[PDB]
Amino acid sequence: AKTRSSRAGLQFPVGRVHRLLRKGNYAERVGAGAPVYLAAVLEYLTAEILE
DNA sequence: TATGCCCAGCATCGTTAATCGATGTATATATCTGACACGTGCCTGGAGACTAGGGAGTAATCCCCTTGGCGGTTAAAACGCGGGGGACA
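Residues numbered from 1 in each chain as written, not as in the entry; some residues may be left out. Chains lettered and ligands numbered in written order. Part of a larger assembly, values for the part shown. Heavy atoms only, no water.

For this entry, the PDB record names cryo-EM as the structure determination method and reports a resolution of 10 Å.

Let's shift gears to the protein's contact with DNA strand B. As a structural note, the neighbourhood of DNA strand B is formed by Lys 2, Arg 4, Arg 7, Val 14, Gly 15, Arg 16, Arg 19 and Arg 29. Counted by atom, the contact set of DNA strand B within 4 Å of the protein is 100% sugar and phosphate. Listed by contribution, the elements that provide at least two residues to the surface near DNA strand B are α1 (4-7) and α2 (14-20). For the surface near DNA strand B, the element with the highest residue contribution is α2, accounting for four residues. Split into classes, the residues belonging to the surface near DNA strand B amount to one nonpolar, one polar and six charged. (Near = heavy atom within 4 Å. Helix = DSSP H or I, 4+ residues; strand = E, 2+ residues; numbered from the N terminus. Nonpolar A, V, L, I, M, F, W, Y, C, P; charged D, E, K, R; others polar.)

Let us now look at a nonpolar patch on the surface. Nonpolar side chains collect at one region of the surface, where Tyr 37, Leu 38, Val 41, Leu 42, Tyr 44 and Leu 45 lie side by side and expose about 580 Å² of accessible area between them. By the element assignment, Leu 38 lies in helix α3 (residues 34-50). By relative accessible area, which is 38% here, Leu 38 ends up partly exposed. (Patch = residues over 30% accessible without salt bridge, like charges linked within 9 Å, V, L, I, M, F, W, Y side chains within 5 Å. Areas by Shrake-Rupley, 256 points an atom, 1.4 Å probe, with all protein chains shown as cover. Salt bridge = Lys/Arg side-chain N within 4 Å of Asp/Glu carboxyl O. Buried < 20%, exposed > 50% of the residue type's maximum accessible area, 1.4 Å probe, protein only.)

Next comes the structure, spelled out in structure tokens:
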């Protein structure tokens, strides 16, 4: 698969959330599966609420 | 001439049948709006690939801090008793 989201099996945007973690000054280095983890998390929450 | 008798004459009641119209019920067609999927076009904000560097991992040593044990006084917790004054109706 090309799309990252799909390599991690998800609907949430892997790379759009990565950049948002660099345009928010939150820190000097951005982690590699953080982004995903985080995307996926919210994903659940949304669901949880949206369910 | 007046009084019972013959011959029409429309409205009284009821019943039958045809007709215009309303109500109920399909049945295939022509709008209405609200789309969600696709292709149109374009931006680049992500992906992809490579590099370089310094953070963070780990490992090896140190030594400070935290836990422990103990026993003596000495205040504190514990108890009760009693009755007043605040809660509650």
